[PDB]
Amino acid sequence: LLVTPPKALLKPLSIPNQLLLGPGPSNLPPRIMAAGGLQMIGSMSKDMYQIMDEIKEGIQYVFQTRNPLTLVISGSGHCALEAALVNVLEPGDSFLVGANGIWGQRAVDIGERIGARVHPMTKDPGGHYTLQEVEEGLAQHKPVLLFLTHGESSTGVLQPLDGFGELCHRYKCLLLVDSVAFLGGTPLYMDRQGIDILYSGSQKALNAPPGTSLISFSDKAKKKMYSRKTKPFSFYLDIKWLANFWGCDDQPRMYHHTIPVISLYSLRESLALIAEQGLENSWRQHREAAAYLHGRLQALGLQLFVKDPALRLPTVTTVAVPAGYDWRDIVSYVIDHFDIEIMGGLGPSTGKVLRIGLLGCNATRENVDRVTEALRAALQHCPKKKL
């Protein structure tokens, strides 16, 4: 006992109630909370495998793919992205990146750590890519893989994906897409759109807690991952091992690492919620709830950051920071006086935007009113600073 039992740890755990209207994680409805409080089962029991299997069907549904190599990564969005990158890229492979926000920048950082010859196409916070711009990119750097971000949480932008699959394949290159927008925004049809890898952190698209990530790989991608002459740099994210345990190959399942049993309860149950509601109904709900916010922000005299309404990520909306205010003051006001969490910017967008989130069953008209009164009080009572 160099260290006595902590004093802080002898008090009951107490957490505040907060309405979470940032980019995610969001609040959890009762059913999903309940799943989180259930008892443990064996991390390699037949029921645990039955659950994984249902989850997998869920990921197939929410993504629209027949890919047998579909599975949950035992970590967050950064971990899914990495798993994808660490497997598909061999040290020395050319890697093209759609760097129009932080998630692009992250892709780049990871790709450099793992020895890829990274080639960013950089665009200021606000922008998106055209089939033409990507094609010039594909010609110039002859890459093995393209990263694109579908839903940009940094900038509030919704990248159209139609065409990009068939373009990348025509240049003998795969297409990795980071989507949080598959539930609200535009429909996603992986197989049809020709996307070769598609990933998301459960907590960003579903009403799920953080710690787990949905991922899917096309056969073209498997081919590339499974035929490389070097071993990928991680064992934790090694896809051969992971595919086996998740039941995506012929053989019996081997111990690899321990999956987060409890979260998987919740993940499954969240994939259930959407499975009942249906994709089409969920698209409507978000697109309707967003619009009403867009309208209510403008009535507060707030300028939306993404000028073209067609390029607006419904799940995460970006407001331009009003002239004469410190964005920190506003963000802090909304949390202190209304227990509402919003967010400023992130990476390139830092300090240029506010970020407001409408995620799943929190994408209500009521919550848009609650956050609209909060901002309206904040615009009223915060100081005018020299920016």
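Numbering starts at 1 and follows the sequence shown.
Annotation for 277 to 285 versus 68 to 76: the higher mean temperature factor (C-alpha) is found in 277 to 285. 124 to 132 and 78 to 86 differ in mean CA B-factor, and the higher of the two is recorded for 124 to 132. Between the residues 108, 138, 208, 261, the entry's highest C-alpha temperature factor is the one at 138. Residue set 103, 236, 305, 226: peak C-alpha B-factor at 226 (per PDB entry). Compared with the other modelled residues of the chain, the Cα B-factor recorded for residue 331 ranks in the middle third. Among the modelled residues of its chain, residue 240 has a C-alpha B-factor that falls in the middle third, as given in the PDB entry. The PDB entry assigns residue 201 a C-alpha temperature factor belonging to the lowest third of its chain's modelled residues. When the modelled residues of the chain are ordered by C-alpha B-factor, residue 270 sits in the lowest third.
In this PDB entry, the Cα temperature factor of residue 294 sits in the top third of its chain's modelled residues, the highest group.
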